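Asks: Turn this into a model:
(9 chains)
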Amino acid sequence: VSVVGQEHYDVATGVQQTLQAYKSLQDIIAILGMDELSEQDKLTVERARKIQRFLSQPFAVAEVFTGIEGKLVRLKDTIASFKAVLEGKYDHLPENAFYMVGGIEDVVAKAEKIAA
Amino acid sequence: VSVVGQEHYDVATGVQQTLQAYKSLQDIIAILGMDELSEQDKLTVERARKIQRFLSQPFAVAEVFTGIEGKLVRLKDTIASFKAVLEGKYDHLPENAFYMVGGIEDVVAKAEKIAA
Amino acid sequence: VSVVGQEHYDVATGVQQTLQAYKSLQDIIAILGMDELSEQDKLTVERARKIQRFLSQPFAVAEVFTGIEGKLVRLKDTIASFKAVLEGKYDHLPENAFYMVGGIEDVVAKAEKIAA
Amino acid sequence: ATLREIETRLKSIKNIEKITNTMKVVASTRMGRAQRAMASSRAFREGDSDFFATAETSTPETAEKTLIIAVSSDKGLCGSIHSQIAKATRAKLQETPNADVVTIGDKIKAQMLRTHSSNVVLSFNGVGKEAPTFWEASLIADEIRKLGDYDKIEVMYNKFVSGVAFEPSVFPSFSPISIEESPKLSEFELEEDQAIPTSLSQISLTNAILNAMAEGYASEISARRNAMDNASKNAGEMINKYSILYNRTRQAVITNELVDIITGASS
Amino acid sequence: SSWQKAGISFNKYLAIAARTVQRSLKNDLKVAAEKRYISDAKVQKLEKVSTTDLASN
Amino acid sequence: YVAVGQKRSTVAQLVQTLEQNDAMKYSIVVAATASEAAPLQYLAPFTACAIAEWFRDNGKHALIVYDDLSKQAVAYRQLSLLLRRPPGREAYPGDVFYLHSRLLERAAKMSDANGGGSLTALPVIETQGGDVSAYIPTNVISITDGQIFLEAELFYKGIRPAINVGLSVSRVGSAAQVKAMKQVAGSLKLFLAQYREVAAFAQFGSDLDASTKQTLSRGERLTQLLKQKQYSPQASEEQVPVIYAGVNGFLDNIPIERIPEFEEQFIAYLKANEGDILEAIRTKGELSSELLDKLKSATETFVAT
Amino acid sequence: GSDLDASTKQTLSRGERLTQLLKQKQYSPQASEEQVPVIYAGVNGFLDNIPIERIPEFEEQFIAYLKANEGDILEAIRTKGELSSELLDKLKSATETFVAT
Amino acid sequence: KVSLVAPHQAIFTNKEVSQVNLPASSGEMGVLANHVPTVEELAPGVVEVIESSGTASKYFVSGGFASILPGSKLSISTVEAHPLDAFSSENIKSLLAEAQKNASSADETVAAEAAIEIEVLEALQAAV
Amino acid sequence: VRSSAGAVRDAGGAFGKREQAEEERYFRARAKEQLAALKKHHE
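Replies: Numbering: from 1, shown residues only, chains lettered A, B, ... in the order given. The protein structure is shown below:
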């Protein structure tokens, strides 16, 4: 918190806590199912899948294997997009809109084009 | 298929595919049970157990350790008995009627004597 | 029975059989209660609780931690006290009368002084 | 069968044993609350349907096939819960395969579609999660797609005969034409102006649906506790066998690695 | 009453009278009583294994 | 602090942080990087223990921190393999268990006839993948009188630091602690052990009973209150007031997310309103009958806002 | 036990037919002109209406009809090694008409 | 001897009663000792069962079926059975005002359900 | 006691393959309902 700031420290701790909690809840769904999850456990499973695909961006050197163009996100755009998804501002969007995208601007454009 | 024919090649691939599906799902049948399967997995588990016991024939040299007579099935009789059990013609018989027997003639005679 | 005699072998086998049955029945008593049993299961569960605390006597060097005196039971006194409790001679005594005691004489003096 | 493969299999089997033991303890607490609802439904069924026993209400000939209702659940992991309900309805449908089937669960509708897909006329999902009440039984009876135009109306469910095992029972439901054609139906002071035959016949369908759902939920919860205890006991035997193999592989890995360093240093 | 003219019988009249009497009484005495007036079962009329409109509520 | 096996950048960053907080004036630093020979890194444990033994033999106290114990074992085995010697288990010499037990047994507490000094040994055992029963991990845990385990799964959840209560234990017990902190640690040990075994029922909160709901609410507030930030140590008077409010039942009415804000608000209000209760718990080090009644009245009046 | 997902029925049926069509026998190699016509009918959904057991007979019948009738489409994929706008429209129309015997 | 059992709990259960002035479908009738077998329906009224002396419990039943067996057994099977003190006077006036305004204002079963609810709310408020 | 943070998906056997298929089937069904509701709200 003394190098990246107080705002960037809370975003890194919140993303690590949600990803670690999803591993323990995934073991119970393989034996009991989704009926044992409540309202808080159901929203945490959907937010953990979208946060893992949003961090994977297409590189410029790997354009021959992926096919899409390369995207480069800055440091200020990556911290603002991760804090808005953890609060409840992008809960209505799908998981395919954040996969192989850039920041918060590329996630909103991919959701409107996939629904048409 | 160029040495044993097209009929013997299809019977060998179908019998090996049913035993591989039941062996990979052994972690769920030994922990949760056989009731956790679906409709397609339940029929494949019953046919795999009868096909494994039908291939074990009593040899002539092991008559003092088993008590039964020696069975020597031919190449044409073994291919016709495995294709009829995998198509659904011997699904009403028990699993003990094919254990330590010969071909298709010995499996029908053992099921009638045990039900009398 | 060839090293400790026939009398010591019968008392050791009876105490080990009652303790093994009470330990395995601990999972069924917490989910079905204590009154949902038969006549033979209810009498064996009451005697098993007092027999587990009768074998734990207070040592002479541990008098500053428990407050009770040190009891040094011999081999003949320990075999006579365990055989009388398994036959029904001490079935009317309480479960706390055998705790922190040693021998057949210590159980009769602690039970009569607890109430009056 | 190396050191990394034995550690991943032993750690995954230990997590399944803790989830199976926690599910069995949670099933025991839910069985106590469900036992009070099953006792109240059994006492109310003997008093509300007591007029049909004294009047001898029975069916006769078939009128436009019949109507079957298979009450079950939508979730699994309950042992032979869906298998026993599907086997009982298939045996009674041999003499009358032209009757309709109304499945009240995802587990009963999946097994009935593989044998008689054309006989399924109604499908209800979302009833095996929470406990049954009077609102769920009254809503399914009014929207059963003309339930009063059948001669026989059976309710296939699972009756808990004990506190460990169960059995698949059945209860018949009379229509409006069979309630007024009883033997001693005129023994009570019933008003002929208002609806008395059609009202008492439709009320028995909602009362029997609530008793079958309460008894079926208690039997499914009791069967799930036995399956969870068997899964936790089977996981302990597999963890004990894997621990013996991991202990022998750990000692063999230390002897094989020390033999390679001793052979290279002596040459 | 005149409930026989509509599509409500003795089963529908008893459920509507019991739910209306609970809401008109004391508001603090509604413990373990609101769950007996709501459900989530969707009755889907199947035909031939297709189905029609999944009616609920 | 005996840095053994670390790089050059790790030794310079640790010495700069201690000088800014006035902590390097009375702390010995034994620099022993991995860029030197194998004789300098293997003798770093014996050289650091000899300099710290002068304070314990005079009348003062010392505290050695061998960081790390895994790096010291690799330096001793490297010099023995090149001197034409036979090896043993995990490519180590015959005196593998005697090399770590001889340097750890010298840090003991002397009696009153020798001077009254003591010496603490804090060896850090760097494990592989959480396996505490290895070759060098089992030899350092059997010779020491206690071990503090640290798992990688609890550090990413929110526990700072990740200290497992079910795996870490001390052989001294409550004999080497203050009397004021021992009264609150007795009741907290039984509540933390019962909540860990029943932690699997937290996913099904709609089927909790009376005794199950009380253990889950009290166990979650006690684990979150002990989580502190980096370079933020507390004294004995501030930790005794925070442990008494969670063990009695004064923190059960607050939420789980408000556990971080309640630790700073209760510590700041106790230093301006009830300063006599915090100063008496540090000087005397115990709690009499008058200290228990005054602490319960101050915590109940501050929990209403 | 899941039998729903109407949108996933097209992807599940096309995946089983694509794996059986790509499995060749021993000493039976294919060229670039015969492999380009078989991969286009399985990826565009033209092989979803055929059976699973007739996947072996459909590969030999499609290659034989393209060598005697529309022989110009098979020679252009091997010489040029690509397909432009005119080659894509001629390959899609010949594959749809050959599915109905 | 009464058997007033509801669909959630049992009130009378065992046979330990004498009089039962429960509102049936016709009028405010009352079962005595060995009454005639009248298996008539019950309406939303006050089911006060006089136990021997004046220990009657004003159970506000919402309707059901008062079955009378031939062996002096009265099985008053209703849907709900709440006491008179379990209904607040402040919340009872709000339900009667909302049902009167919604009646004769829409279509389908909205006007039919509001007319039956206004009659049951007026009888329970006058017996407080 | 022992570490088991995500040991089911890290094994890769029968329990590991069933956990990944159950999560992918539930996410595919929820994506169809979210995409259809977003297109109707924009017009």
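
Asks: So what's the residue count around the closest residue to chain H within chain I?
Replies: Closest to chain H within chain I is residue I:40: 27.0 Å, counting by Cβ to the nearest Cβ. Every C-beta, even on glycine, is put in place using the N, C-alpha and C of the backbone. As a burial measure, residue I:40 scores 8 neighbours (other Cβ atoms under 10 Å in any protein chain shown).

Asks: before we move on, which element is it in?
Replies: In this structure, residue I:40 is located in helix I:14-41 according to DSSP states H and E.

Asks: Run a quick neighbour tally on the spatially closest residue to residue D:197 that is not a sequence neighbour.
Replies: Spatial nearest neighbour of residue D:197, chain neighbours left out: residue D:180 (3.8 Å); criterion: Cβ to Cβ, 6 or more residues apart in numbering or on different chains. By other Cβ under 10 Å, 18 other residues sit near residue D:180.

Asks: how near is residue D:180 to residue D:203?
Replies: 14 Å (Cβ to Cβ, to the nearest Å).

Asks: before we move on, what about residue H:108?
Replies: 23 Å.

Asks: Ok, residue I:24 next?
Replies: In terms of Cβ to Cβ, residue I:24 sits 47 Å off from residue D:203.

Asks: do the same with residue F:89
Replies: 81 Å.

Asks: all helices for chain A, in order.
Replies: A:6-29, A:39-54, A:63-66, A:75-85, A:104-114 (DSSP state H).

Asks: quick one: which of the ones you listed is nearest chain B?
Replies: It's helix A:6-29; of the helices of chain A, that one is closest to chain B (Cβ to the nearest Cβ) at 13.4 Å.

Asks: Quick one: name the residues of chain H near chain D.
Replies: H:3, H:5-10, H:13, H:25, H:36-41, H:65, H:67, H:69, H:75, H:77, H:79 (Cβ under 8 Å from any Cβ of the partner chain).

Asks: quick revisit: dihedrals phi and psi, the residue nearest to residue D:197?
Replies: phi -90, psi -10 (degrees, to the nearest 10).

Asks: ok, it touching residue D:195?
Replies: No. With contact defined as Cβ atoms under 8 Å, residue D:180 and residue D:195 do not form a contacting pair (11.0 Å).

Asks: picking that back up, list the helices and strands the helix holding residue I:40 packs on?
Replies: Helix I:14-41 is packed against helix A:6-29, helix A:39-54, helix A:104-114, helix B:26-29, helix D:3-48, helix I:7-11, with contacts defined by 3 or more Cβ pairs under 8 Å, 6 or more residues apart in numbering or on different chains; DSSP states H and E.

Asks: ok, residue 27 - contacts?
Replies: You didn't pick a chain, so chain A it is. Counting by Cβ atoms under 8 Å, 6 or more residues apart in numbering or on different chains, residue A:27 touches D:15, D:16, D:19, I:4, I:6, I:7, I:8, I:9, I:19.

Asks: that's the wrong chain, I meant chain I
Replies: A:46, A:49, A:95.

Asks: In ChimeraX, how would I select the buried members of those residues?
Replies: Applying 16 or more other Cβ atoms under 10 Å in any protein chain shown to those, the buried members can be selected in ChimeraX as follows:
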select /A:49,95
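
Asks: which among the contacts of residue I:27 gets closest to chain G?
Replies: Once Cβ to the nearest Cβ is applied, the member of those that ends up nearest chain G is residue A:95, at 15.4 Å.

Asks: State the distance from the residue of chain A found nearest chain G to residue F:68.
Replies: Chain A approaches chain G most closely through residue A:33 (11.1 Å), counting by Cβ to the nearest Cβ. Here residue A:33 is placed at a distance of 45 Å from residue F:68 (Cβ to Cβ).

Asks: How about residue I:30?
Replies: Applying Cβ to Cβ to residue I:30 and residue F:68 gives a distance of 48 Å.

Asks: what about those two, which has more around it?
Replies: residue F:68 (17 against 12).

Asks: ok, the more buried one touching residue F:126?
Replies: Yes. Using Cβ under 8 Å, residue F:68 makes contact with residue F:126 at a distance of 4.9 Å.

Asks: if we can go back for a sec, just the angle between the helix holding residue I:40 and helix A:104-114, please?
Replies: Relative orientation of helix I:14-41 and helix A:104-114, computed by axes from the mean of the first three to the mean of the last three Cα atoms, to 10 degrees: 80 degrees.

Asks: Go ahead and measure how far helix I:14-41 is from the middle of the chain.
Replies: Chain-centre distance of helix I:14-41: 6 Å, with Cα atoms, centre = their mean, to the nearest Å.

Asks: repeat for stretch F:125-132
Replies: 17 Å.

Asks: And stretch A:75-90, by the same measure?
Replies: 9 Å.

Asks: same question, stretch A:82-94
Replies: 8 Å.

Asks: likewise stretch E:14-26?
Replies: The answer for stretch E:14-26 is 12 Å, by Cα atoms, centre = their mean.

Asks: And the contacts of that stretch?
Replies: For stretch E:14-26, contacts defined as Cβ under 8 Å, 6+ apart pick out D:134-135, D:138, D:203, D:206, E:8, E:30, E:33, E:36-37, H:44, H:60, H:62-64, H:79-80, H:82, H:86-88, H:91-92, H:95-96, H:113, H:116-117, H:120-121, H:124.
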